Structure formats: structure tokens, C-alpha cells
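Remarks on the structure that follows.
Structure follows, in C-alpha cells:
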């Protein structure tokens, strides 16, 4: 029963260590998306105003 | 009845049987008993840790 307990604990900790890395990688992906679209709009709106 | 020199002849045989029993009979047996007791209780400890 204790050799089942070790297996289960290690497996679930590996799962959670994968999940955390996935979550934070997607967080950095979202950061990149936000920043690049902000860079694009910073020119779209400037060109709009300078044509107005 | 007849108080007799045997009152001494017994006491010798007494103090001998006490010592050989002490040094060379009791620890050998109680060590095995305590070994089986501790090594049954360790399984209960293992079950508790498995749950914990």
C-alpha cells in the first residue's frame, strides 16, 4: 500500500509540475499577443489622427 | 523441622540459576519478542504515512 502511495504521489506531482509550466507559458504567450497588438494600435490610431 | 546446612546448599544453586538466566536467557528472548512487536508496529506506521 505504501508503494502505491509513492507512485501516486510522484505521478500527481509530475502532473502538477507540467500544468504549472503550461499555464505560465500560455501567460507569456498572452503577454506577447497583448504587447504586439498594442504596438500595432499605437500606429493605427496615430495614423488615423494625423490624417484627420 | 530440622533446620539444616541445606539452607546454604540451596542458596548457591539459587544465585547461579538467576545469573545464567539473566545474562544468557532473558535478553535473547525479549529481543526477539520486541523485534516482532516493533516490526509489526512499523507496518501500522507505514499505513498511517500512506494515508497522510
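Chains as they are written, first to last, in my numbering: chain A, 1 to 52; chain B, 53 to 104. Built from N, CA and C at the ideal position, the CB exists for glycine as well.
Would you mind stating whether residue i and residue j have Cβ atoms separated by less than 8 Å?
i: residue 2 (chain A); j: residue 102 (chain B); result: yes
List the residues of chain A that residue i touches, going by C-beta distances under 7 Å, in chain order.
i: residue 102 (chain B); result: 1, 2 and 5
i: residue 99 (chain B); result: 1
Residues from the stretch 2-18 of chain A in contact with chain B, defined by Cβ distance under 7 Å
2 and 5
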